[PDB]
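Here is the structure we will look at.
Number of protein chains: 2
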Amino acid sequence: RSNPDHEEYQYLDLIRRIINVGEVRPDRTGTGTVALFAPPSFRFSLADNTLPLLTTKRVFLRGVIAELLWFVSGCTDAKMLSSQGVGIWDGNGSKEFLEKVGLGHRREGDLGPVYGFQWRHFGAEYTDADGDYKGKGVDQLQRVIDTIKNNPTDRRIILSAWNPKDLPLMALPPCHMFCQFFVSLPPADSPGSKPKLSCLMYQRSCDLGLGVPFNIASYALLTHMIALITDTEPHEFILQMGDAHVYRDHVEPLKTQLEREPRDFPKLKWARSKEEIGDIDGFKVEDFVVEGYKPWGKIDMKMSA
Amino acid sequence: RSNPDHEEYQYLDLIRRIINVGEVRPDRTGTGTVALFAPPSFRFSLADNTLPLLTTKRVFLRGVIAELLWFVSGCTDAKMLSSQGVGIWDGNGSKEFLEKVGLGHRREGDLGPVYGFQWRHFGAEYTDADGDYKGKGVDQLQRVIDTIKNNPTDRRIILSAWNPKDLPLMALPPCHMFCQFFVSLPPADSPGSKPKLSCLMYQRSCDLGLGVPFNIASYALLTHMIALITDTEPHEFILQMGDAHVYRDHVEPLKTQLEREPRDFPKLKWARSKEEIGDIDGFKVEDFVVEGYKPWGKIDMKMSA
Ligand SMILES: C#CCN(Cc1ccc2[nH]c(N)nc(=O)c2c1)c1ccc(C(=O)N[C@@H](CCC(=O)O)C(=O)O)cc1
Ligand SMILES: C#CCN(Cc1ccc2[nH]c(N)nc(=O)c2c1)c1ccc(C(=O)N[C@@H](CCC(=O)O)C(=O)O)cc1
Ligand SMILES: *c1cc(=O)[nH]c(=O)n1[C@H]1C[C@H](O)[C@@H](COP(=O)(O)O)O1
Ligand SMILES: *c1cc(=O)[nH]c(=O)n1[C@H]1C[C@H](O)[C@@H](COP(=O)(O)O)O1
Numbered sequence: 013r014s015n016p017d018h019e020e021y022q023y024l025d026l027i028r029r030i031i032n033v034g035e036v037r038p039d040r041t042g043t044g045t046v047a048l049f050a051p052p053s054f055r056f057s058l059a060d061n062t063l064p065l066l067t068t069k070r071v072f073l074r075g076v077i078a079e080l081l082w083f084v085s086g087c088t089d090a091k092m093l094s095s096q097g098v099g100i101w102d103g104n105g106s107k108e109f110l111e112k113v114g115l116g117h118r119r120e121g122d123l124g125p126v127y128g129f130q131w132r133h134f135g136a137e138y139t140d141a142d143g144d145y146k147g148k149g150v151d152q153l154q155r156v157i158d159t160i161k162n163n164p165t166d167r168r169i170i171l172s173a174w175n176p177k178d179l180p181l182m183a184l185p186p187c188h189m190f191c192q193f194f195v196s197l198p199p200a201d202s203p204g205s206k207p208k209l210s211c212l213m214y215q216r217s218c219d220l221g222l223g224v225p226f227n228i229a230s231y232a233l234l235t236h237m238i239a240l241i242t243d244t245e246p247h248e249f250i251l252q253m254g255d256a257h258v259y260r261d262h263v264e265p266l267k268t269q270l271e272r273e274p275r276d277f278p279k280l281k282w283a284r285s286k287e288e289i290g291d292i293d294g295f296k297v298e299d300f301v302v303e304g305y306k307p308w309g310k311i312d313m314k315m316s317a
Numbered sequence: 013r014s015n016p017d018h019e020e021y022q023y024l025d026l027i028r029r030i031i032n033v034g035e036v037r038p039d040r041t042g043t044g045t046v047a048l049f050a051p052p053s054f055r056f057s058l059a060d061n062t063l064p065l066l067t068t069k070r071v072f073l074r075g076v077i078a079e080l081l082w083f084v085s086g087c088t089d090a091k092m093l094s095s096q097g098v099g100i101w102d103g104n105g106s107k108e109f110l111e112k113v114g115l116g117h118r119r120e121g122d123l124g125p126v127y128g129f130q131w132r133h134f135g136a137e138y139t140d141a142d143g144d145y146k147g148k149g150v151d152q153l154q155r156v157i158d159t160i161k162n163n164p165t166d167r168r169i170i171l172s173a174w175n176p177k178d179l180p181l182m183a184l185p186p187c188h189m190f191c192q193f194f195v196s197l198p199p200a201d202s203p204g205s206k207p208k209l210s211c212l213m214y215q216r217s218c219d220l221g222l223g224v225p226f227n228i229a230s231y232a233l234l235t236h237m238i239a240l241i242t243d244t245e246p247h248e249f250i251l252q253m254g255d256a257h258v259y260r261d262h263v264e265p266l267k268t269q270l271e272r273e274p275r276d277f278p279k280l281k282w283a284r285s286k287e288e289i290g291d292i293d294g295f296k297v298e299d300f301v302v303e304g305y306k307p308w309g310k311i312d313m314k315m316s317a
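As they're listed, the protein sequences go chains A and B.
In terms of the UniProt record's numbering, the first sequence opens at residue 13 and continues consecutively.
In terms of the UniProt record's numbering, the second sequence opens at residue 13 and continues consecutively.
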């Protein structure tokens, strides 16, 4: 390894380990997987505007950003993603899947009270994706922003989408069920510096081939976004996994990826200022300027619904 | 070290690290702490009836068991613990503290919809600790039991007390906010063996001196309990921490503990059979037979309310 310390090796090494000593298991989708439970967590530095966007394969960056802004908006209609050319949620939002999980009364694309809804309206009563939820439920995301700015040492800076009561209304239960932010105060020797912002996310189920690449970049981006609005400096992103698995039909495609040497991670820059963006709800896809992204070729992998 | 691989060194080493390079910070209690965010997780083997009850200091075992059976029962009245000689929750259940956090309308000891209530009645409306919640809300615990027995490869075996909507009603927000169970199927070379049960718990805020010792034994015991009811074999317990800290007034007392060499962990045996206990709600303090516990002397540490 030209550069053995490249953070991407964490991802490649775990996949190799799962394939090697993982346990073959049946699963909800019916395709089957090989898995390990609670492996060591991943750590990615977010310093110097670094964005841990995997380079051993081309990652659909725009899809990650679109999905993230979608979460932030509190929207749960997958059509808002497919209309802009992002179909990652088309599979679980299809009329065929919804009816399959007992949600036939919903129009196609209406995923239910998933991620975004819990993030901005936790506890509110869900009708459909067109419902008026403004000012209803708990806005966890804004509370996180307010807390980081006015009481950084607080120990409850949590953002969670897990809701046992709403689960049956969801086309799919949250995979990244929650994350915790931490703010390091400016060192004594130089109190003018910006506090450092870190994020730990826990993912109950992890599709290493398809999902993890998105999850890693997504939460890294969320932390960068929150850092901008709170005048803090992104520091570290930690990802703890529960059921970490590699789908059976992903094994061969991933072996090809395992042969590739990572390129230095790209950097993130903002196309607009903090003032122009305003708050967490003012970001736009075009605001994300990712430079230096130099990935290898794309690797085709089918998603199991 | 006579036994460098003793699992208790994970706990001792982390405390040493926090004291050495941890960051000095202000906190809600006002006593102050030294902390590190998201340190490597702890792993404890639960095989061969092993119970990771710390030995470098005498741990109030009966108090751990009592609190756990209290959680399971869904009860939120701290008087149910103090009446049996366990006052770990007297501090946050006292009238002064309750009135202090805006809950003066509650009788002393009524902590609100904390741990146990969320575990067995998530989503139900909370009135007071005497309310009738039977059959109300989501019983996450029993669902976990049923899932382990009938669909072990499920990836949603989650037990969580985090409830953004109910937080303000709680004397204190959940520290151990959730855990995930995992079941390994019997290997091919012996399909008669019992499936192996593991548990990963995530704790947002960790008082290493006082809380962690209880948290470790508590979730280890919970896994042993669930294993009995589900005909599975306890395997491993993983603990991931968020804000890992040592209170200022615990530093000196802990230094004394750091000088001690761990004794082999004790073992857990049941005073009754699975049939006699019946289900997760049938356990009694006397059912827990811990043998071989050989700890060093107690170490006094004050809890910051
Ligand atoms: C995590 C997350 C968000 N999600 C949502 C989501 C929904 C159901 C899931 N189901 C399964 N089995 N695995 C998943 O990772 C998963 C993820 C994603 C969904 C699909 C892809 C995907 O198929 N990507 C392909 C094609 C990308 C493209 O459209 O160009 C890829 O090659 O990456 C990525 C992320
Ligand atoms: C986690 C958890 C449950 N809890 C609940 C709970 C509630 C508020 C808290 N607040 C703070 N600052 N730290 C805590 O760990 C904490 C824990 C506990 C509460 C007290 C002790 C404690 O004082 N232990 C002393 C005395 C033991 C005894 O009563 O005999 C000790 O020496 O261990 C331990 C656990
Ligand atoms: C879910 C969504 C996400 O953001 N990331 C993911 O990796 N996934 C994966 C996990 C799993 O393979 C599948 C969901 O299936 P299940 O609910 O765990 O049965 O999507
Ligand atoms: C909370 C309860 C528990 O089970 N274990 C714990 O260690 N604690 C600790 C963490 C922290 O010191 C305090 C809770 O205060 P805060 O909500 O984190 O501000 O108790």
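C-beta: ideal position from N, C-alpha, C; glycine also.
Quiz item: Smallest Cα separation from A50 (chain A): which of B:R167, B:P185 and B:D158?
Solution: Among B:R167, B:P185 and B:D158, the Cα nearest to that of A50 (chain A) is on B:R167.
Quiz item: So what does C191 (chain B) bridge to, in DSSP terms?
Solution: Bridge partners of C191 (chain B): B:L171 and B:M213.
Quiz item: At what residue ranges does the segment 57-120 of chain A contain a whole run of the alpha helix (DSSP H), taking only runs of 4 or more?
Solution: List check, alpha helix (DSSP H) in window: 73-85, 91-94, 102-105 and 107-112.
Quiz item: If you draw a straight line from the C-alpha of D142 (chain A) to the C-alpha of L123 (chain A), how long is it?
Solution: Between the alpha carbons of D142 (chain A) and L123 (chain A) lies a gap of roughly 12 angstroms.
Quiz item: So, helix, strand or coil for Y145 (chain A), using DSSP?
Solution: Three-state result, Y145 (chain A): coil.
Quiz prompt | Endpoints, alpha helix (DSSP H) assigned at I31 (chain B) | solution = Here the alpha helix (DSSP H) through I31 (chain B) covers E20 to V33.
Exercise. In the DSSP assignment, find the alpha helix (DSSP H) that holds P265 (chain A) and state where it starts and stops.
Key: Boundaries of the alpha helix (DSSP H) around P265 (chain A): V263 to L270.
Quiz item: Counting pairs of Cβ atoms below 8 angstroms between the segment 216-225 of chain B and the segment 187-204 of chain B, do you hit three or more?
Solution: Result yes; three or more Cβ-Cβ pairs closer than 8 angstroms.
Quiz prompt | C-beta contact flag for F129 (chain A) and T68 (chain A) at 9 angstroms | solution = It is not a contact, given that the beta carbons lie outside the stated cut-off.
Exercise. Determine, using beta-carbon pairs with one atom in the segment 145-163 of chain A and one in the segment 95-113 of chain A, whether at least three such pairs fall under 8 angstroms.
Key: Touching, no.
Quiz item: Buried or exposed: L270 (chain A), going by 16 or more other Cβ atoms within 10 Å of its Cβ?
Solution: If you draw a 10 Å sphere on the C-beta of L270 (chain A), you find fewer than 16 other C-beta atoms in it, and that means exposed.
Practice problem: Examine chain A for any beta-carbon lying closer than 9 angstroms to the beta-carbon of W308 (chain B), and answer yes or no. | Solution: So, not an interface residue.
Quiz item: Does DSSP put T41 (chain B) in a helix, a strand or coil?
Solution: Looking at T41 (chain B) - three-state DSSP - the assignment turns out to be coil, as it is neither helix nor strand.
Quiz item: Got a sec: is the Cβ-Cβ distance from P176 (chain A) to anything in chain B below 9 angstroms?
Solution: Yes, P176 (chain A) lies at the interface with chain B (some Cβ there is under 9 angstroms from its Cβ).
Quiz item: Between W282 (chain B) and the rest of its own chain, which residues show a CB-CB distance below 7 angstroms, the 5 nearest in sequence each way excluded?
Solution: For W282 (chain B), where only same-chain residues beyond five positions count, the Cβ hits under 7 angstroms are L240, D299 and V301.
Practice problem: Compare the Cα-Cα distances from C191 (chain B) to each of B:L179, B:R28 and B:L212 and report the closest residue. | Solution: Taking only the C-alpha atoms, the option nearest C191 (chain B) is B:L212.
Quiz prompt | C-beta neighbour in chain B for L197 (chain A), strict 9 angstroms | solution = Yes - at least one Cβ of chain B is within 9 angstroms of the one on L197 (chain A).
Quiz prompt | Any non-hydrogen atom of ligand 4 within 8 angstroms of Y305 (chain B) CB | solution = Incorrect: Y305 (chain B) has no Cβ contact closer than 8 angstroms to ligand 4.
Quiz prompt | When B:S285, B:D293, B:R272 and B:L280 are compared against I311 (chain B), the one with the closest alpha-carbon | solution = With respect to the C-alpha of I311 (chain B), the residue from B:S285, B:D293, B:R272 and B:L280 having the closest C-alpha is B:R272.
Quiz item: Start and end of the beta strand (DSSP E) containing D158 (chain B)?
Solution: Counting along the chain, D158 (chain B) sits inside no beta strand (DSSP E); it lies in the alpha helix (DSSP H) bounded by residues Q152 to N162.
Quiz item: What first and last residue would you give for the beta strand (DSSP E) that runs through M253 (chain B)?
Solution: Element bounds for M253 (chain B): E245 to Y259.
Quiz item: Does the distance from the C-beta atom of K177 (chain B) to that of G135 (chain A) stay below 9 angstroms?
Solution: Result yes, Cβ atoms of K177 (chain B) and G135 (chain A) sit closer than 9 angstroms.
Self-check item: Environment of ligand 4 in chain order, Cβ to heavy atom below 5 angstroms
Solution: Matched residues: A:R167, B:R40, B:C187, B:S217, B:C218, B:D219 and B:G223.
Exercise. Note down, in chain order, every chain A residue with its Cβ under 9 angstroms from the Cβ of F134 (chain B).
Key: Simply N175, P176 and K177.
Quiz item: Candidates B:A317, B:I238, B:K279 and B:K306: which alpha carbon is nearest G290 (chain B)'s?
Solution: Checked all of B:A317, B:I238, B:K279 and B:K306; the closest Cα to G290 (chain B) is B:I238.
Exercise. Report the option in A:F295, A:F249 and A:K286 whose CA atom is closest to the CA atom of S53 (chain A).
Key: A check of alpha carbon separations from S53 (chain A) across A:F295, A:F249 and A:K286 identifies A:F249 as the nearest.
Quiz item: Can you list, in chain order, the residues of the segment 185-218 of chain A whose Cβ is nearer than 8 angstroms to any Cβ on chain B?
Solution: Taking 8 angstroms as the Cβ-Cβ cut-off against chain B, the residues of the segment 185-218 of chain A that qualify are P185, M189, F190, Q192, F194, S196, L197, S210, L212, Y214, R216 and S217.
Quiz item: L209 (chain A) to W101 (chain B), Cα distance in whole Å?
Solution: Annotation: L209 (chain A) to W101 (chain B) spans about 32 angstroms, alpha carbon to alpha carbon.
Self-check item: Below-9 angstroms beta-carbon distance, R29 (chain A) vs any chain B residue
Solution: For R29 (chain A), no Cβ of chain B is located within less than 9 angstroms of the residue's own Cβ.
Quiz item: What residues of chain A sit near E35 (chain B), judged by a beta carbon separation below 8 angstroms?
Solution: Those within 8 angstroms of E35 (chain B) in chain A are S196 and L197.
Quiz item: Among B:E264, B:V263, B:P265 and B:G223, which residue has its Cα nearest to the Cα of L251 (chain B)?
Solution: Taking only the C-alpha atoms, the option nearest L251 (chain B) is B:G223.
Quiz item: Roughly how many whole angstroms lie between the Cα atoms of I30 (chain B) and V258 (chain B)?
Solution: Looking at the two C-alpha atoms, the distance is approximately 7 angstroms.
Practice problem: Could you name the residues of chain B that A317 (chain A) contacts, counting a contact when the two beta carbons are closer than 8 angstroms? | Solution: Neighbours of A317 (chain A) in chain B, taken as residues at a C-beta separation under 8 angstroms, are lacking, since the least C-beta distance is about 15 angstroms.
Quiz prompt | CB contact check: residue 8 (chain B) to chain A, cutoff 9 angstroms | solution = Residue 8 (chain B) lies beyond the range of chain B shown here (13 to 317); nothing can be said about it.
Quiz item: CA-CA distance, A256 (chain B) and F193 (chain A)?
Solution: In a straight line, the C-alpha of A256 (chain B) is about 13 angstroms away from that of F193 (chain A).
Practice problem: With hydrogens ignored, establish whether the beta-carbon of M313 (chain B) is closer than 8 angstroms to any heavy atom of ligand 2. | Solution: Remark: the shortest separation between the CB of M313 (chain B) and any heavy atom of ligand 2 falls under 8 angstroms.
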